[PDB]
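One chain is shown next in structure tokens, namely the form deposited in one PDB entry.
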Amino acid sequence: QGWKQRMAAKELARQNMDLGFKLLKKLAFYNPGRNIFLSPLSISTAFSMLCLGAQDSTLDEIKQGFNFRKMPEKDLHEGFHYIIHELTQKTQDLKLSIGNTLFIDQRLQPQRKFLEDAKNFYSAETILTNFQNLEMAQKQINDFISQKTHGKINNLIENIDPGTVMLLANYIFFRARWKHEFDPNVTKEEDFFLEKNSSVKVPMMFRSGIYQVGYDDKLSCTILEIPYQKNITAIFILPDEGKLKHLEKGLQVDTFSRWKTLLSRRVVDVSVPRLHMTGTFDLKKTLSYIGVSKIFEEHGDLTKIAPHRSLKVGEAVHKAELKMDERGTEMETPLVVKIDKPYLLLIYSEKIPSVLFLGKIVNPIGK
């Protein structure tokens, strides 16, 4: 039985939810007017995986920053292994992979125990690279990742600092069928208001059907859920005019559970833009938002990864990628939910609890 693993996953999912909202708040504060697209879950797997090879102050700070402190470490790794194993699929309904690749300088010797544990618990791999040729190391890493993800995760690395002997690449892609397909013949170019006064034409999908829908008077936003065929849900959060900043600032762990209380199944005429979203983050910068930096410094804390005095993670990048289109399986007067102005998007795994993706979409066709 995997009861205990399932309980650990439930606690870890609450933690990625909080992490996602904290990261979104900080990212939106420093960079307003930009799309933000990342996977709190995928980011968490990367640093939890690093806990298998980290000791002392570096280990303690990752666990403090990511709030991995509530359960024993054995349960932390068993919980993440369960989440990854359950979500990892290449079926007609769902294609999801969480990649964790450490690229280590070929002069270093990654330790067997760490290699085995990372592969067994996270499906993470270590690839030897020649960091003395930075240009070639970048092409090698980008080609390795593009080949592994079948062209879903491309150009992951744009720069490698000299002296880097260890680079972490974390990446997640998603393809899923909706529980009910949208008819592509009904998809049309429609106005997407970038601002109250300024608009761009975007491919807008349309379907009339039964959906979990609601309105939050506290955060002044419409909530709409569109289910995928597998137990995953696309949650659209549409702020009222001039309430986006209020919505971002009000986001909490309790916010989400409150949104769930406001929903009911109703007939809705839904208009949703198609998306092909990617988000790329320098994790050294992103993790400063949760006070995690020792992993990026030399402290003699990574000997379990490889013996070497000055060892640190030189660089770490996260890339999240998702396609949202018509693909899927197959009363009362309809409500109308038009997603045609800046919105938040949460891709939520219901069965294996987790926030797979969190997005702030200011422009669905925006790069």
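Start at 1 with the first residue shown and count on from there. For the two forms, the rigid core is made up of the largest set of C-alpha atoms that agree within 1.5 Å on superposition.
FYI, the form deposited in another entry isn't displayed, but the following is about it.
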> Just one of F192, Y228, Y122, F182 has a C-alpha that shifts by 2 Å or more between this form and the one not shown on a rigid core fit; which is it?
Replying inline: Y122
>> Rigid core superposed, CA of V313 - does it shift 2 Å or more between this form and the one not shown?
In response: yes
> Has the Cα of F68 moved 2 Å or more between this form and the one not shown, judged after a core fit?
Replying inline: yes
> Does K304 count as moved between this form and the one not shown, where moved means a C-alpha shift of 2 angstroms or more after fitting the rigid core?
Replying inline: yes
> Where do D254 and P72 end up in that other deposited form, Cα atoms closer or farther than shown, with a change of 3 Å or more?
Replying inline: closer
> Is the CA-CA spacing of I104 and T280 tighter or wider in that other deposited form than here, given a 3 Å or more change?
Replying inline: farther
